[PDB]
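Structure record follows, encoded as structure tokens.
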Amino acid sequence: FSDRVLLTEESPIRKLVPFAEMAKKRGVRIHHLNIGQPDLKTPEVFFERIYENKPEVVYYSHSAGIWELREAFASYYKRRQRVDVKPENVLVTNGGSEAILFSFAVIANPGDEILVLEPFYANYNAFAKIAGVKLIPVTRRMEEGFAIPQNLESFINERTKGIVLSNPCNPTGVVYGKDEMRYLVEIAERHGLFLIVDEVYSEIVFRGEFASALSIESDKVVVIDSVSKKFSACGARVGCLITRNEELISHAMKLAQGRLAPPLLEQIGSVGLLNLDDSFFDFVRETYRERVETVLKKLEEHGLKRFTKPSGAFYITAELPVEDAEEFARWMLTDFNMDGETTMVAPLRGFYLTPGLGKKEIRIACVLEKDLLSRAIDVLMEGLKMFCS
Amino acid sequence: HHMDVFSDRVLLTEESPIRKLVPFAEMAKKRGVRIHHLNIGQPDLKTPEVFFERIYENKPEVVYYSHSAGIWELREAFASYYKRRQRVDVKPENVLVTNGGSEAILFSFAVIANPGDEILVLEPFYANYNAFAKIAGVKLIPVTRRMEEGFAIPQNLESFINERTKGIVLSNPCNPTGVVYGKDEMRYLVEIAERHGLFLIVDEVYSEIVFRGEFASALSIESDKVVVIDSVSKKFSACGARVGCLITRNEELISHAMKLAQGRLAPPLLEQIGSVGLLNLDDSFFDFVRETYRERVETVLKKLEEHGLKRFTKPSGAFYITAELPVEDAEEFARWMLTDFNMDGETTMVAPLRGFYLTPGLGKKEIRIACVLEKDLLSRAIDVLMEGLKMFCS
């Protein structure tokens, strides 16, 4: 088999599944705070639009996506992100996942390098490995508030072709403002690199004023978005690649054509999601705000010191007073259960490329109703207390 | 201001000869010309109602990411399909649901080959494989087949194997030749794979659309080096579903493919729910589909013969007809058909075959015809095409 897949060890999160399944067999209710799967009901408009526009033939749509959906994304950015985008700048893909893969393949050759801000959304490494691109980590520290490090330029070389990050960020929850993004765009332009900004969590912003990378008119910016987290439509597999660089889009379109098209029914339903009013986004933003706040308060009241207050998204990264976080996560499932309940968290080690980093850190996904989440944290800290003594 | 340095992968890629005809086609519709599209493999048949019904009946409250390998029931649906219809014993654990056959091919390539490695392909072939090969950084090596030899597997196939060769890929029934390799031919091809430690990737998307001979799935030959790709696209006219699969008995390969499926998270949920219904369709449905395409293919073959065209292939499967025209450049004729020609305000669009070959110069005078219109329209579409071909010589 290929080195690409032989060198890939399985995710620390996935490695806990066997232990979790074994716990359910013993009659234990597990609180899943390890996966970024929203629990919110998918808006009914998604299903209504599909039912009302049932096509007689489920055909391959235009490779770049149904024209109406390209318009729907364009209008969303103007109305919600206050960015002027044309439908021609939008390329509909099979979720953000594919938009990332295309971006990587269009800008870099096999063996080339793409800078990534550590810790980062682990799945980028999967798309990099498929495209044969090397992903180069640029470490950020919790103690610095996971800021963009000053030595960013030093990692650039002849093989460097781009920089990729998420904003709001998964798993740190940091939100880079207009000033920070412009700085990052300026570096991309000075060194002729493309800036891939994954904005899947835009709308889920609590502190500061969020500015899309497209707000900074540059030919090197590529924004990735999706209907997944924003509308709780993860199973739709509908996302997009947005950029003003007509040449890049035209190159990405050859890849979209080999693939033929994104899912038809999901695109039809996505048009309805993107047209949702302001009240919907207020509800989603505030639901996650209250959840994040609830966890933060619970962590603080149980004496946990080193954790980050996110400005966006629904993840909380924290440092535990343990030698190995992954061992503790497994222990929670195997050797622990408060009142027949346990809590499953994601070890953060899988979000770093640099070996040794994130050994005592974990990520908490706020994807449960606030009261259950409060209870899930109580179980987690009671378990943390016994683990030590 | 600095230039955009894009990857060689995408800079070297010229746009498809078929796609290069779209601008000329769009300009023809503006002039008031009804175009008969025989250039794309998009079926025109109604998607069976069961697909929509299953979705409506099992509407989930949350459109969640399913298990990476696909919903368990769909994995069972594919497994049962192969046992009932293909007479092959497959377990759900052997099935990995993907975003259409397209992705199953991409994963196959990434799992067996490193960037820079080689995969043999039987030319002419489904052009899109080259797209997945470029994304994975794999070099696709052509093994030319001739129409005069009935597009058979050439005897010099082993001479193309080297240290960098990691697999062989083809479609059965084949797109665009329409050849259908039987049990004997497949065994031979599997024996070569095993002797040289290569994986055999057989794209069986057109299985069911078989007219001549008895079709045998590559899985019928129990080997640890066979990987079958299938889809709900052409078989059930559900191209927009983007639901396919990778099937193999090699537990290690599927386990490695699973890591790639996990990065991607999952295939489309609603489409998987609807696909379970399509896969459970009775024998009557497949009889109707197979015979609908048989009568269409026959109609075109008769019309081509009646208009004096000599060199064309009679396919054993799929719905494509490959033919050699008496012209210097087929692609020039295809464009001409749209720009400078229209019988009774009608014209026909065909796909130049040049884009289906990697070896430069091959398929310059050849075209592909997709039988994706009702037999009477198809008959008319060929009349328009031959009247245009007759004037073109002048």
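Naming works like this for the structure tokens: A, B, ... for the chains as they're shown, residue 1 at the start of each chain, ligands 1 onward in shown order.
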Residues of chain B within 6 Å of chain A, using only C-alpha atoms, as an mmCIF file with N, CA and C atoms, in the first residue's frame?
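And here's out.cif as it stands now:
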```
data_model
loop_
_atom_site.group_PDB
_atom_site.id
_atom_site.type_symbol
_atom_site.label_atom_id
_atom_site.label_comp_id
_atom_site.auth_asym_id
_atom_site.auth_seq_id
_atom_site.Cartn_x
_atom_site.Cartn_y
_atom_site.Cartn_z
ATOM 1 N N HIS B 2 2.566 39.617 -7.729
ATOM 2 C CA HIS B 2 3.210 38.378 -8.165
ATOM 3 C C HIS B 2 2.237 37.401 -8.834
ATOM 4 N N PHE B 6 0.275 27.967 -9.934
ATOM 5 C CA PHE B 6 -0.603 26.831 -9.754
ATOM 6 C C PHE B 6 0.178 25.548 -9.960
ATOM 7 N N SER B 7 -0.425 24.433 -9.567
ATOM 8 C CA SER B 7 0.213 23.141 -9.696
ATOM 9 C C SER B 7 0.328 22.686 -11.151
ATOM 10 N N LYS B 46 -36.730 8.204 -15.882
ATOM 11 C CA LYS B 46 -37.242 8.690 -14.605
ATOM 12 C C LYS B 46 -36.622 7.904 -13.464
ATOM 13 N N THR B 47 -36.198 8.609 -12.423
ATOM 14 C CA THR B 47 -35.632 7.967 -11.249
ATOM 15 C C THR B 47 -36.791 7.224 -10.582
ATOM 16 N N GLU B 61 -34.778 13.872 11.862
ATOM 17 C CA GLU B 61 -34.931 15.191 12.465
ATOM 18 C C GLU B 61 -33.650 16.012 12.280
ATOM 19 N N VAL B 62 -32.506 15.329 12.285
ATOM 20 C CA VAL B 62 -31.206 15.961 12.105
ATOM 21 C C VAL B 62 -30.497 15.295 10.932
ATOM 22 N N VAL B 63 -30.073 16.087 9.956
ATOM 23 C CA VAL B 63 -29.351 15.555 8.801
ATOM 24 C C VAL B 63 -27.886 15.440 9.248
ATOM 25 N N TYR B 64 -27.585 14.319 9.902
ATOM 26 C CA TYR B 64 -26.257 14.024 10.475
ATOM 27 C C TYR B 64 -25.244 13.340 9.559
ATOM 28 N N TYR B 65 -23.985 13.315 9.997
ATOM 29 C CA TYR B 65 -22.946 12.618 9.267
ATOM 30 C C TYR B 65 -23.184 11.154 9.603
ATOM 31 N N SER B 102 -16.964 7.888 -8.528
ATOM 32 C CA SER B 102 -15.872 8.854 -8.648
ATOM 33 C C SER B 102 -14.919 8.835 -7.467
ATOM 34 N N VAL B 111 -4.913 4.708 -2.044
ATOM 35 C CA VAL B 111 -4.566 3.601 -1.164
ATOM 36 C C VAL B 111 -3.492 2.671 -1.744
ATOM 37 N N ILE B 112 -3.542 2.395 -3.046
ATOM 38 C CA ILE B 112 -2.569 1.471 -3.643
ATOM 39 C C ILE B 112 -1.305 2.100 -4.227
ATOM 40 N N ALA B 113 -1.373 3.361 -4.640
ATOM 41 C CA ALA B 113 -0.214 4.016 -5.246
ATOM 42 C C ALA B 113 0.231 5.277 -4.535
ATOM 43 N N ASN B 114 1.533 5.538 -4.610
ATOM 44 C CA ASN B 114 2.163 6.722 -4.039
ATOM 45 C C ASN B 114 2.189 7.774 -5.127
ATOM 46 N N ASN B 128 -12.456 10.668 -17.039
ATOM 47 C CA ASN B 128 -12.435 11.134 -15.653
ATOM 48 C C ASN B 128 -11.455 10.397 -14.722
ATOM 49 N N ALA B 131 -8.535 12.423 -14.067
ATOM 50 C CA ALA B 131 -8.759 13.501 -13.107
ATOM 51 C C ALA B 131 -8.440 13.030 -11.690
ATOM 52 N N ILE B 135 -5.304 14.151 -9.118
ATOM 53 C CA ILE B 135 -5.528 14.609 -7.745
ATOM 54 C C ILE B 135 -4.689 13.776 -6.776
ATOM 55 N N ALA B 136 -4.610 12.471 -7.009
ATOM 56 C CA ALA B 136 -3.827 11.598 -6.149
ATOM 57 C C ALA B 136 -2.335 11.628 -6.461
ATOM 58 N N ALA B 238 -29.836 7.747 -11.297
ATOM 59 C CA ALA B 238 -29.744 8.517 -10.058
ATOM 60 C C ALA B 238 -28.363 9.141 -9.969
ATOM 61 N N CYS B 239 -27.919 9.698 -11.094
ATOM 62 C CA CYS B 239 -26.623 10.361 -11.201
ATOM 63 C C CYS B 239 -26.383 11.436 -10.149
ATOM 64 N N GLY B 240 -27.421 12.208 -9.853
ATOM 65 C CA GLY B 240 -27.349 13.278 -8.872
ATOM 66 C C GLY B 240 -27.295 12.830 -7.428
ATOM 67 N N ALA B 241 -27.462 11.535 -7.180
ATOM 68 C CA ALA B 241 -27.413 11.010 -5.827
ATOM 69 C C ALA B 241 -25.996 11.031 -5.241
ATOM 70 N N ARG B 242 -25.001 10.795 -6.084
ATOM 71 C CA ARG B 242 -23.603 10.775 -5.658
ATOM 72 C C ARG B 242 -23.424 9.707 -4.563
ATOM 73 N N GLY B 263 -11.730 11.170 6.888
ATOM 74 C CA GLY B 263 -11.315 12.570 6.706
ATOM 75 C C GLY B 263 -12.422 13.371 6.037
ATOM 76 N N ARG B 264 -13.064 12.725 5.082
ATOM 77 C CA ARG B 264 -14.187 13.247 4.317
ATOM 78 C C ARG B 264 -15.482 13.233 5.186
ATOM 79 N N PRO B 268 -23.499 11.531 1.309
ATOM 80 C CA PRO B 268 -24.768 12.243 1.569
ATOM 81 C C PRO B 268 -25.817 11.373 2.247
ATOM 82 N N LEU B 269 -26.385 11.844 3.352
ATOM 83 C CA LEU B 269 -27.365 11.064 4.101
ATOM 84 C C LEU B 269 -28.657 10.706 3.370
#
```
Contact residues around residue 134 (chain B) with only C-alpha atoms at 9 Å, ignoring same-chain residues under 3 positions, as a PyMOL selection string: (chain A and resi 105+131) or (chain B and resi 9-10+129-131+137-140)
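Our summary of the geometry notes that CA of residue 220 (chain B) is positioned 9.8 Å from CA of residue 90 (chain B).
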Those in region 53-271 of chain B with strand (DSSP E or B) from DSSP, as a VMD selection string: chain B and resid 95 to 98 118 to 123 139 to 144 165 to 171 199 to 203 210 226 to 231 244 to 248
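Counting only C-alpha atoms and comparing A:36, A:241, A:344, A:162, the residue that lies closest to residue 65 (chain A) is A:241.
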CA of residue 338 (chain A) to CA of residue 323 (chain A), distance in Å rounded to a single decimal: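 Spanning CA of residue 338 (chain A) to CA of residue 323 (chain A) is a straight-line distance of 22.5 Å.
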Shell of 12 Å around region 373-382 of chain A, only C-alpha atoms, local chain residues under 2 positions omitted, as number ranges by chain: A: 29-34, 39, 288, 290-304, 316, 320-321, 328-329, 331-333, 336-345, 362, 364-371, 384-389
Using only C-alpha atoms: which of A:246, A:144, A:326, A:203 has the shortest distance to residue 87 (chain A): A:246
For CA of residue 200 (chain B) and CA of residue 217 (chain B), the interatomic separation in Å (one decimal):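 These two atoms are separated by 12.3 Å.
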Exercise: residue 242 (chain A) partners within 12 Å, only C-alpha atoms, chain neighbours under 4 positions left out, as a ChimeraX atom specification: /A:64,70-71,73-74,77,83-93,96,99-100,102-103,195-199,212-214,219-226,246,248-250,252
Residue set, region 145-334 of chain A restricted to helix (DSSP H, G or I), as a VMD selection string: chain A and resid 152 to 155 178 to 190 213 to 215 234 to 236 246 to 259 264 to 274 278 to 301 325 to 334
Contacts of region 307-311 of chain A at 7 Å (only C-alpha atoms; same-chain gap of 3+ positions) as a list in words: residues 172, 173, 174, 175, 205, 206, 207, 316, 317, 318 and 319 of chain A
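Nearest residue to residue 262 (chain B) among B:373, B:97, B:170, B:21 is B:97, counting only C-alpha atoms.
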